[PDB]
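Written out below as structure tokens is the structure these notes cover.
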Amino acid sequence: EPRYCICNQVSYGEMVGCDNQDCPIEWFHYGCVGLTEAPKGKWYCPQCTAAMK
Ligand SMILES: [Ca+2]
Ligand SMILES: [Zn+2]
Ligand SMILES: [Zn+2]
């Protein structure tokens with residue numbers, strides 16, 4: 001029921017959480033952010049990565 005990610009679709013498949021506390025979206029599908037495997041440490045989504053540089 002809740003929609004997640006930049007794509008605004010329900011949770012499906014492998015999901016990753018952005019570790020920036022102010023991330024507006026928080027939860028993303030792996031594919032929508034270019035991942036194939038679980039991050040081995042903290043992970044920041046592309047939008048938060050752009051905001052942190
Ligand atoms: Ca949304
Ligand atoms: Zn998505
Ligand atoms: Zn984020």
Side-chain angles (χ1 to χ4, degrees):
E1 195 91 70
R3 318 169 317 291
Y4 293 109
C5 197
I6 316 140
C7 65
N8 277 309
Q9 309 192 12
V10 303
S11 174
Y12 68 79
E14 293 161 294
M15 308 288 291
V16 61
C18 183
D19 290 319
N20 189 313
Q21 285 129 60
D22 298 334
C23 184
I25 291 171
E26 200 26 76
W27 292 100
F28 300 82
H29 308 98
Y30 273 22
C32 299
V33 293
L35 297 175
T36 54
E37 303 299 329
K40 282 190 199 143
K42 289 198 181 243
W43 176 85
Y44 302 102
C45 76
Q47 282 158 319
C48 286
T49 295
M52 299 151 75
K53 293 184 288 199

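We count ligands from 1, going down the list as the structure has it; atoms in each ligand are counted the same way. Side-chain atoms are counted along with the backbone in the values below, which use heavy atoms only and exclude waters and symmetry mates. Counting from 1, the numbers follow the sequence of the chain as shown.
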*side-chain contact (heavy atoms from CB on, under 4.5 Å) between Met15 and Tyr30: does it pass, once the steps are laid out?*
CA-CA 6 Å; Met15 308 288 291; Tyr30 273 22; 5.7 Å; no
*Could you go step by step and tell me if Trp27 and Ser11 meet the side-chain contact (heavy atoms from CB on, under 4.5 Å) rule?*
CA-CA 9 Å; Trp27 292 100; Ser11 174; over 6 Å; no
*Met52/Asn20 under side-chain contact (heavy atoms from CB on, under 4.5 Å): CA gap, chis, key distance, verdict*: CA-CA 9 Å; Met52 299 151 75; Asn20 189 313; 3.8 Å; yes
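Taking the Zn ion (ligand 3) as the apex, the angle formed with SG of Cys23 and SG of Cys48 is 110°, to the nearest 10 degrees. Here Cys5 contributes SG and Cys32 contributes SG, and at the Zn ion (ligand 2) these two atoms make an angle of 110°, given to 10°.
Listed by chain and residue number, the protein N/O/S atoms under 3.0 Å of the Ca ion (ligand 1) are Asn8 OD1, with waters left out.
For the Zn ion (ligand 2), the nearest N, O or S atom contributed by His29 is named ND1.
In this structure, the side chain of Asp19 engages the main chain of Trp43 through a donor-acceptor pair within 3.5 Å.
Heavy atoms only, all atoms of each residue included: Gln47 and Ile25 are closest at OE1-CD1, 3.5 Å.
Ring-centre distance between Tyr4 and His29: not below the 6.0 Å cut-off.
Between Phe28 and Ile6, the closest side-chain pair of non-hydrogen atoms falls below 4.5 Å.
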